[PDB]
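**Student:** Take a look at the following structure, please.
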Amino acid sequence: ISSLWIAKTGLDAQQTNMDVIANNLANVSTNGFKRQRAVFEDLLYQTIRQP
Amino acid sequence: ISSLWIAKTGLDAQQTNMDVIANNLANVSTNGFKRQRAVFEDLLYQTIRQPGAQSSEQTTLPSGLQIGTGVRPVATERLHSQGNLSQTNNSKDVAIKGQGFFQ
Amino acid sequence: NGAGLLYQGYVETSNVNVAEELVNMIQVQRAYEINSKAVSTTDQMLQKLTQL
Amino acid sequence: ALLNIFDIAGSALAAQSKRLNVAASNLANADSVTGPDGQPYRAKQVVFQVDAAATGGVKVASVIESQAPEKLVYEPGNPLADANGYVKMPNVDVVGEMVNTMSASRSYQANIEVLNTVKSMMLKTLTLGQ
Amino acid sequence: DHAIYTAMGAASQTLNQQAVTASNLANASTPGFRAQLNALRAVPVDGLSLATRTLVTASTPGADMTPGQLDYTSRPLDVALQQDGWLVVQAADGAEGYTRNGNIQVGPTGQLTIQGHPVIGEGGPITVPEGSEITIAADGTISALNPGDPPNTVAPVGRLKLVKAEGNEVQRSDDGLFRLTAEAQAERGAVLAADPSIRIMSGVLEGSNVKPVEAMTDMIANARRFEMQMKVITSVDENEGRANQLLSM
Amino acid sequence: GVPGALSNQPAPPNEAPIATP
Amino acid sequence: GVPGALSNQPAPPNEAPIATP
């Protein structure tokens, strides 16, 4: 219930990266195509206050 | 005892969620299929004792209590997103973009 | 008016991703087991009370 | 009358036994189909009521069929299949039946304990009649 | 002879605490759910002689506002709040409540709403165009794009109202929507004021903060405590029954 | 008075409050 | 009538037909 969703988000990010890689590789001959690269960023950090 | 009739609702919600997941996995090859997602809701709470006085020059915690009632499956949404396109080379196949349905 | 475009010879596939389904299955199984333990401990409590 | 306690406890025991029997029958018929005369099997429940003689025992007026929709399973190879090729499987909640059996057993044990205590009290009562 | 009453009260409150824990465990997957904390409370009976009988009554503090974990769904109108952010929506009675269930939906007539209840912003509930696609900003801006129209016509059509409650002064109402306590609302006004220091995230959804280890530990402790109280009950009953024969000749 | 003895004044009522004001 | 009462006549014999006649 703690690391499951974090790892799910990581798997989703890697899947998106694989999808954009596959799209880049697919049209290696299309005239006037531009390569795409995705950028990631972490979600919100929770805070635990000290006494 | 309320514990039994609460855990029964919990088990029922889990079973329905598993059924939804199994249905989504079954038609992994159905053309033009939109995946399901089940959302639940907690039932109304039952209050027994109202909270008393607070911040009366003391640092006590609140005293009231209220028991839960369980969880019920409230809704099931279909994600009307855009899927991938498979090439079939058949002259009588149509793939529609954006949003729209054939009457 | 917001209608889409038609491509001939192509078919739209299902928009199902399997990683989320597997993670949901794991979570569902764990929640089911913990609820079963809750039922079991409540039944044990009732049995001990009735054996008074 | 100090003796209607036995009647109340006996009625409670009979009602709990009836409910347990209904639950067991449903569990046995969980995955049955095409009962007598071909009609699909449907689950049943019982309704408890009190006998207003105030305070009174519990009774079960009648067994009521469940109104929850039956499961429709696509299988045209079965003669029961309709024009859509569907068969009607019974609606049985396994967790619900397990919980019902647990509740019936607990109520039965509580009532038997109450009967034991009241029987001891009543046996001790007669010692003053001499 | 009255220790049986203290023991049975302890057993009943243990059952209540068990019911609370079971309720917390059952809805462990509803979005934006807050767990229900609980802790036994002691009440001493006293007066004029030997204050020994102290009873037990279970009690539940407000909640633990530890943020739930976020899962990515890529849905354009899913919102996840900050450490202690809240979305304010009008309730059934017409009063306003706070929640963190970010599963926003849009009705057929351009009415935004969380499950059951409409969302409020500047003024009354916010309304969007009839079929416009909605994007949620990081600060609460609702951008709308009319379908078919070229993309250069995205327009802000409203703004969410976000409040900030630290947590010790909010109490769960009877329908699961939090509200300010009496003193808190007295000292901060009946209706809170929107603040800019709260940021949302689009596409991710928040689950629930229920601790399985805490639940299991509480279940074990409750089981042991209830069994001990039952043993005390039966010992006292047997003692009283054996001692009742003194009046005989 | 010592416990179990006799007295001429009734004992005050028992309150046992949940939380003092 | 009510189960557990006293009747002057026996109930009809029980049967469980596998298939209807």
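So you can find residues: chains in the structure tokens are A, B, ... in the order shown, residues in each start at 1, and ligands are numbered from 1 in order.
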Tell me, counting only C-alpha atoms, for each residue of chain D within 12 Å of chain E, which pair of atoms is nearest and how far apart they are in Å to one decimal, in rows ordered by chain and increasing number, as a tab-separated table.
**Tutor:**
```
residue	atom	partner	partner_atom	distance
D:117	CA	E:241	CA	12.0
D:120	CA	E:241	CA	11.8
D:121	CA	E:241	CA	11.4
D:124	CA	E:245	CA	11.8
D:127	CA	E:248	CA	11.7
D:128	CA	E:248	CA	11.5
```
**Student:** Can you provide chain G as a PDB file with N, CA, C and O atoms, in the first residue's frame, superposed onto chain F by least squares across all C-alpha atoms matched in order?
**Tutor:**
```
ATOM      1  N   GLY G   1     -16.517   7.859  58.365  1.00  0.00           N
ATOM      2  CA  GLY G   1     -15.117   7.562  58.604  1.00  0.00           C
ATOM      3  C   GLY G   1     -14.693   6.223  58.038  1.00  0.00           C
ATOM      4  O   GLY G   1     -14.524   6.078  56.828  1.00  0.00           O
ATOM      5  N   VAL G   2     -14.517   5.245  58.917  1.00  0.00           N
ATOM      6  CA  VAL G   2     -14.128   3.902  58.473  1.00  0.00           C
ATOM      7  C   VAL G   2     -15.273   3.288  57.677  1.00  0.00           C
ATOM      8  O   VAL G   2     -16.437   3.372  58.109  1.00  0.00           O
ATOM      9  N   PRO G   3     -15.010   2.696  56.512  1.00  0.00           N
ATOM     10  CA  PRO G   3     -16.095   2.086  55.737  1.00  0.00           C
ATOM     11  C   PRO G   3     -16.776   0.971  56.515  1.00  0.00           C
ATOM     12  O   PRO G   3     -16.143   0.234  57.274  1.00  0.00           O
ATOM     13  N   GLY G   4     -18.087   0.856  56.316  1.00  0.00           N
ATOM     14  CA  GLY G   4     -18.885  -0.131  57.009  1.00  0.00           C
ATOM     15  C   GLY G   4     -19.453   0.316  58.338  1.00  0.00           C
ATOM     16  O   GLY G   4     -20.202  -0.449  58.959  1.00  0.00           O
ATOM     17  N   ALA G   5     -19.127   1.522  58.793  1.00  0.00           N
ATOM     18  CA  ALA G   5     -19.649   2.037  60.050  1.00  0.00           C
ATOM     19  C   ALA G   5     -21.039   2.626  59.818  1.00  0.00           C
ATOM     20  O   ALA G   5     -21.642   2.459  58.755  1.00  0.00           O
ATOM     21  N   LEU G   6     -21.563   3.331  60.815  1.00  0.00           N
ATOM     22  CA  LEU G   6     -22.894   3.918  60.754  1.00  0.00           C
ATOM     23  C   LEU G   6     -22.781   5.431  60.646  1.00  0.00           C
ATOM     24  O   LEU G   6     -22.046   6.060  61.414  1.00  0.00           O
ATOM     25  N   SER G   7     -23.511   6.008  59.695  1.00  0.00           N
ATOM     26  CA  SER G   7     -23.518   7.445  59.464  1.00  0.00           C
ATOM     27  C   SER G   7     -24.950   7.954  59.475  1.00  0.00           C
ATOM     28  O   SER G   7     -25.880   7.220  59.132  1.00  0.00           O
ATOM     29  N   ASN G   8     -25.124   9.213  59.868  1.00  0.00           N
ATOM     30  CA  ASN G   8     -26.456   9.799  59.911  1.00  0.00           C
ATOM     31  C   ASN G   8     -26.842  10.509  58.621  1.00  0.00           C
ATOM     32  O   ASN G   8     -28.002  10.911  58.484  1.00  0.00           O
ATOM     33  N   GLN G   9     -25.920  10.671  57.679  1.00  0.00           N
ATOM     34  CA  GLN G   9     -26.210  11.394  56.453  1.00  0.00           C
ATOM     35  C   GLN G   9     -25.713  10.615  55.247  1.00  0.00           C
ATOM     36  O   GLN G   9     -24.695   9.920  55.325  1.00  0.00           O
ATOM     37  N   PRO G  10     -26.408  10.718  54.116  1.00  0.00           N
ATOM     38  CA  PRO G  10     -25.981   9.983  52.924  1.00  0.00           C
ATOM     39  C   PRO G  10     -24.731  10.586  52.309  1.00  0.00           C
ATOM     40  O   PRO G  10     -24.434  11.770  52.473  1.00  0.00           O
ATOM     41  N   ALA G  11     -23.996   9.746  51.590  1.00  0.00           N
ATOM     42  CA  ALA G  11     -22.862  10.230  50.827  1.00  0.00           C
ATOM     43  C   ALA G  11     -23.350  11.020  49.614  1.00  0.00           C
ATOM     44  O   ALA G  11     -24.463  10.802  49.129  1.00  0.00           O
ATOM     45  N   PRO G  12     -22.542  11.952  49.113  1.00  0.00           N
ATOM     46  CA  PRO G  12     -22.941  12.684  47.917  1.00  0.00           C
ATOM     47  C   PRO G  12     -23.037  11.752  46.730  1.00  0.00           C
ATOM     48  O   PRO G  12     -22.342  10.719  46.668  1.00  0.00           O
ATOM     49  N   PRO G  13     -23.900  12.064  45.762  1.00  0.00           N
ATOM     50  CA  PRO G  13     -24.075  11.171  44.613  1.00  0.00           C
ATOM     51  C   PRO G  13     -22.798  11.044  43.794  1.00  0.00           C
ATOM     52  O   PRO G  13     -21.984  11.966  43.718  1.00  0.00           O
ATOM     53  N   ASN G  14     -22.631   9.876  43.183  1.00  0.00           N
ATOM     54  CA  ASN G  14     -21.438   9.583  42.405  1.00  0.00           C
ATOM     55  C   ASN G  14     -21.611  10.018  40.957  1.00  0.00           C
ATOM     56  O   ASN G  14     -22.714   9.997  40.406  1.00  0.00           O
ATOM     57  N   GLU G  15     -20.500  10.418  40.341  1.00  0.00           N
ATOM     58  CA  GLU G  15     -20.493  10.790  38.935  1.00  0.00           C
ATOM     59  C   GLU G  15     -19.122  10.487  38.349  1.00  0.00           C
ATOM     60  O   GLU G  15     -18.116  10.467  39.064  1.00  0.00           O
ATOM     61  N   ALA G  16     -19.093  10.250  37.039  1.00  0.00           N
ATOM     62  CA  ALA G  16     -17.867   9.919  36.314  1.00  0.00           C
ATOM     63  C   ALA G  16     -17.771  10.812  35.086  1.00  0.00           C
ATOM     64  O   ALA G  16     -18.160  10.413  33.981  1.00  0.00           O
ATOM     65  N   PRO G  17     -17.263  12.033  35.244  1.00  0.00           N
ATOM     66  CA  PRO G  17     -17.196  12.956  34.104  1.00  0.00           C
ATOM     67  C   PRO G  17     -16.199  12.468  33.063  1.00  0.00           C
ATOM     68  O   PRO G  17     -15.033  12.215  33.373  1.00  0.00           O
ATOM     69  N   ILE G  18     -16.669  12.334  31.821  1.00  0.00           N
ATOM     70  CA  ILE G  18     -15.774  11.959  30.728  1.00  0.00           C
ATOM     71  C   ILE G  18     -14.737  13.049  30.502  1.00  0.00           C
ATOM     72  O   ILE G  18     -13.542  12.776  30.341  1.00  0.00           O
ATOM     73  N   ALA G  19     -15.180  14.304  30.489  1.00  0.00           N
ATOM     74  CA  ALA G  19     -14.301  15.451  30.330  1.00  0.00           C
ATOM     75  C   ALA G  19     -14.614  16.473  31.412  1.00  0.00           C
ATOM     76  O   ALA G  19     -15.773  16.645  31.796  1.00  0.00           O
ATOM     77  N   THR G  20     -13.574  17.144  31.898  1.00  0.00           N
ATOM     78  CA  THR G  20     -13.751  18.113  32.967  1.00  0.00           C
ATOM     79  C   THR G  20     -14.590  19.293  32.482  1.00  0.00           C
ATOM     80  O   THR G  20     -14.455  19.724  31.332  1.00  0.00           O
ATOM     81  N   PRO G  21     -15.477  19.833  33.330  1.00  0.00           N
ATOM     82  CA  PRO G  21     -16.304  20.988  32.970  1.00  0.00           C
ATOM     83  C   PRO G  21     -15.514  22.293  32.961  1.00  0.00           C
ATOM     84  O   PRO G  21     -15.203  22.796  31.881  1.00  0.00           O
TER      85      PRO G  21
END
```
**Student:** For residue 30 of chain C, find every residue with an atom within 12 Å (counting only C-alpha atoms), except residues of its own chain fewer than 3 positions away, and show them as a short mmCIF file (atom, residue, chain, number, x, y, z; two decimals) with N, CA, C and O atoms, in the first residue's frame.
**Tutor:**
```
data_model
loop_
_atom_site.label_atom_id
_atom_site.label_comp_id
_atom_site.auth_asym_id
_atom_site.auth_seq_id
_atom_site.Cartn_x
_atom_site.Cartn_y
_atom_site.Cartn_z
N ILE A 1 0.84 -1.19 0.00
CA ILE A 1 0.00 0.00 0.00
C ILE A 1 0.88 1.24 0.00
O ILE A 1 0.39 2.36 -0.13
N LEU A 4 3.76 0.08 -3.66
CA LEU A 4 3.08 -0.42 -4.85
C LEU A 4 2.76 0.70 -5.82
O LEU A 4 3.07 0.61 -7.02
N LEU B 11 -15.58 -7.09 1.86
CA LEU B 11 -15.32 -8.22 0.97
C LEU B 11 -16.10 -8.10 -0.32
O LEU B 11 -15.58 -8.41 -1.40
N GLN B 14 -14.39 -5.56 -2.52
CA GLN B 14 -13.17 -6.13 -3.10
C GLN B 14 -13.50 -7.11 -4.22
O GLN B 14 -12.83 -7.13 -5.25
N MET B 18 -12.39 -6.83 -8.12
CA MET B 18 -11.68 -7.90 -8.82
C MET B 18 -12.41 -8.30 -10.09
O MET B 18 -11.78 -8.59 -11.11
N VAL C 23 -1.09 -4.40 -10.73
CA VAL C 23 -0.93 -3.77 -9.42
C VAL C 23 -2.26 -3.75 -8.67
O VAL C 23 -2.31 -4.01 -7.46
N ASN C 24 -3.35 -3.44 -9.37
CA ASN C 24 -4.66 -3.46 -8.74
C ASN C 24 -5.02 -4.85 -8.25
O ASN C 24 -5.62 -5.01 -7.19
N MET C 25 -4.66 -5.89 -9.02
CA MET C 25 -4.92 -7.25 -8.58
C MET C 25 -4.17 -7.56 -7.29
O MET C 25 -4.74 -8.15 -6.36
N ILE C 26 -2.90 -7.16 -7.21
CA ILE C 26 -2.13 -7.41 -5.99
C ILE C 26 -2.77 -6.70 -4.81
O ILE C 26 -2.95 -7.29 -3.73
N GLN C 27 -3.14 -5.43 -4.99
CA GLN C 27 -3.74 -4.68 -3.90
C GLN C 27 -5.08 -5.29 -3.48
O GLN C 27 -5.38 -5.37 -2.28
N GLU C 33 -7.36 -10.42 1.90
CA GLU C 33 -6.79 -11.24 2.97
C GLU C 33 -6.89 -10.53 4.31
O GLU C 33 -7.20 -11.16 5.33
N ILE C 34 -6.64 -9.22 4.34
CA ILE C 34 -6.70 -8.51 5.62
C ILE C 34 -8.14 -8.44 6.13
O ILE C 34 -8.40 -8.57 7.33
N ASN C 35 -9.11 -8.27 5.23
CA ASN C 35 -10.51 -8.30 5.65
C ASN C 35 -10.90 -9.67 6.17
O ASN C 35 -11.66 -9.79 7.14
N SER C 36 -10.38 -10.73 5.54
CA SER C 36 -10.65 -12.07 6.03
C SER C 36 -10.10 -12.26 7.43
O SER C 36 -10.73 -12.89 8.29
N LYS C 37 -8.91 -11.71 7.70
CA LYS C 37 -8.36 -11.79 9.05
C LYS C 37 -9.23 -11.03 10.04
O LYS C 37 -9.40 -11.46 11.19
N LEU E 25 -10.39 -0.44 7.88
CA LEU E 25 -9.81 -1.40 6.95
C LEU E 25 -10.70 -1.66 5.75
O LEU E 25 -10.19 -1.91 4.65
N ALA E 26 -12.03 -1.61 5.92
CA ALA E 26 -12.93 -1.98 4.83
C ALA E 26 -12.78 -1.04 3.65
O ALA E 26 -12.59 -1.48 2.51
N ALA E 28 -10.41 0.78 2.45
CA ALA E 28 -8.99 1.08 2.30
C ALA E 28 -8.63 1.52 0.89
O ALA E 28 -7.47 1.88 0.65
N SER E 29 -9.58 1.50 -0.05
CA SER E 29 -9.29 1.85 -1.44
C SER E 29 -10.17 3.00 -1.93
O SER E 29 -10.12 3.34 -3.11
N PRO E 212 -1.70 -0.75 7.51
CA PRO E 212 -1.98 -2.17 7.80
C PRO E 212 -1.30 -2.67 9.06
O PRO E 212 -1.90 -3.46 9.80
#
```
**Student:** Give me the residues near residue 185 of chain E as a PDB file with N, CA and C atoms, in the first residue's frame, where near means some atom within 12 Å (using only C-alpha atoms) and where sequence neighbours in that chain fewer than 5 positions away do not count.
**Tutor:**
```pdb
ATOM      1  N   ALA E 165      -6.360  23.731   5.992  1.00  0.00           N
ATOM      2  CA  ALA E 165      -6.663  23.325   7.357  1.00  0.00           C
ATOM      3  C   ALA E 165      -5.537  22.431   7.853  1.00  0.00           C
ATOM      4  N   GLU E 169      -8.216  20.910  13.990  1.00  0.00           N
ATOM      5  CA  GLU E 169      -9.439  21.660  14.239  1.00  0.00           C
ATOM      6  C   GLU E 169     -10.564  21.302  13.278  1.00  0.00           C
ATOM      7  N   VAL E 170     -10.441  20.198  12.546  1.00  0.00           N
ATOM      8  CA  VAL E 170     -11.478  19.741  11.632  1.00  0.00           C
ATOM      9  C   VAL E 170     -12.032  18.422  12.149  1.00  0.00           C
ATOM     10  N   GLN E 171     -13.353  18.275  12.084  1.00  0.00           N
ATOM     11  CA  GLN E 171     -14.030  17.076  12.553  1.00  0.00           C
ATOM     12  C   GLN E 171     -14.920  16.529  11.449  1.00  0.00           C
ATOM     13  N   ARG E 179     -15.485  19.429   8.490  1.00  0.00           N
ATOM     14  CA  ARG E 179     -15.883  20.793   8.797  1.00  0.00           C
ATOM     15  C   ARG E 179     -15.057  21.294   9.972  1.00  0.00           C
ATOM     16  N   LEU E 180     -14.957  22.615  10.075  1.00  0.00           N
ATOM     17  CA  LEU E 180     -14.215  23.227  11.167  1.00  0.00           C
ATOM     18  C   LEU E 180     -14.955  23.054  12.488  1.00  0.00           C
ATOM     19  N   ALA E 190     -16.890  31.935   9.594  1.00  0.00           N
ATOM     20  CA  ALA E 190     -17.730  30.810   9.196  1.00  0.00           C
ATOM     21  C   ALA E 190     -17.226  30.174   7.909  1.00  0.00           C
ATOM     22  N   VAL E 191     -16.805  30.991   6.949  1.00  0.00           N
ATOM     23  CA  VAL E 191     -16.321  30.519   5.657  1.00  0.00           C
ATOM     24  C   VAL E 191     -14.858  30.916   5.518  1.00  0.00           C
ATOM     25  N   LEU E 192     -14.021  29.957   5.130  1.00  0.00           N
ATOM     26  CA  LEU E 192     -12.603  30.224   4.967  1.00  0.00           C
ATOM     27  C   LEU E 192     -12.352  31.039   3.700  1.00  0.00           C
ATOM     28  N   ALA E 193     -11.153  31.603   3.619  1.00  0.00           N
ATOM     29  CA  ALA E 193     -10.741  32.429   2.494  1.00  0.00           C
ATOM     30  C   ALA E 193      -9.686  31.699   1.677  1.00  0.00           C
TER      31      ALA E 193
END
```
**Student:** Could you check which of C:29, C:1, C:8, C:14 is closest to chain A, using only C-alpha atoms?
**Tutor:**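 Checking each of C:29, C:1, C:8, C:14 against chain A, counting only C-alpha atoms, the winner is C:29.
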**Student:** DSSP says alpha helix (DSSP H) for which residues of chain A? Put them as a list in words?
**Tutor:**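 So the alpha helix (DSSP H) residues in chain A would be residues 3, 4, 5, 6, 7, 8, 9, 10, 11, 12, 13, 14, 15, 16, 17, 18, 19, 20, 21, 22, 23, 24, 25 and 26 of chain A.
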**Student:** Residues of chain B within 8 Å of chain D, counting only C-alpha atoms, what are they? List them as an mmCIF file with N, CA and C atoms, in the first residue's frame.
**Tutor:**
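So selection39.cif came out as:
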```cif
data_model
loop_
_atom_site.group_PDB
_atom_site.id
_atom_site.type_symbol
_atom_site.label_atom_id
_atom_site.label_comp_id
_atom_site.auth_asym_id
_atom_site.auth_seq_id
_atom_site.Cartn_x
_atom_site.Cartn_y
_atom_site.Cartn_z
ATOM 1 N N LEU B 4 -18.953 -7.836 11.687
ATOM 2 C CA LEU B 4 -19.212 -8.819 10.642
ATOM 3 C C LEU B 4 -19.892 -8.177 9.438
ATOM 4 N N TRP B 5 -20.913 -7.356 9.682
ATOM 5 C CA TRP B 5 -21.653 -6.739 8.590
ATOM 6 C C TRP B 5 -20.913 -5.568 7.960
ATOM 7 N N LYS B 8 -18.244 -7.767 5.745
ATOM 8 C CA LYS B 8 -18.954 -8.324 4.599
ATOM 9 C C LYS B 8 -19.016 -7.320 3.457
ATOM 10 N N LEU B 11 -15.578 -7.093 1.863
ATOM 11 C CA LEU B 11 -15.318 -8.221 0.975
ATOM 12 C C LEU B 11 -16.103 -8.097 -0.322
ATOM 13 N N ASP B 12 -17.362 -7.656 -0.242
ATOM 14 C CA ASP B 12 -18.158 -7.485 -1.453
ATOM 15 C C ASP B 12 -17.549 -6.437 -2.374
#
```
**Student:** Could you pull out all residues of chain B with a DSSP call of strand (DSSP E or B) and give them as a compact mmCIF listing (two decimals) with C-alpha atoms, in the first residue's frame?
**Tutor:**
```txt
# COMPACT_ATOMS: atom_id res chain seq x y z
CA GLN B 36 -13.43 0.46 -16.76
CA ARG B 37 -12.49 1.91 -13.39
CA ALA B 38 -14.53 1.37 -10.22
CA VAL B 39 -14.83 4.04 -7.52
CA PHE B 40 -16.32 3.41 -4.07
CA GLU B 41 -17.68 5.58 -1.28
CA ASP B 42 -17.72 5.29 2.49
CA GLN B 46 -23.05 7.04 13.09
CA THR B 47 -22.32 9.33 16.04
CA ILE B 48 -22.57 8.08 19.62
CA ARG B 49 -21.09 10.76 21.90
CA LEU B 65 -16.64 8.94 18.87
CA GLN B 66 -18.43 7.84 15.72
CA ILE B 67 -18.49 4.35 14.21
CA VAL B 71 -18.01 0.91 1.92
CA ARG B 72 -20.23 0.67 -1.15
CA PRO B 73 -19.33 0.67 -4.86
CA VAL B 74 -20.67 4.04 -5.95
CA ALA B 75 -19.73 4.32 -9.62
CA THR B 76 -17.88 2.80 -12.56
CA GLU B 77 -16.35 5.12 -15.17
CA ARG B 78 -15.14 4.22 -18.65
CA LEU B 85 -4.42 2.12 -34.50
CA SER B 86 -3.88 -1.37 -35.90
CA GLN B 87 -3.47 -1.72 -39.67
CA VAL B 94 -12.81 2.76 -40.29
CA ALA B 95 -10.87 4.26 -37.38
CA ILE B 96 -12.34 7.44 -35.89
```
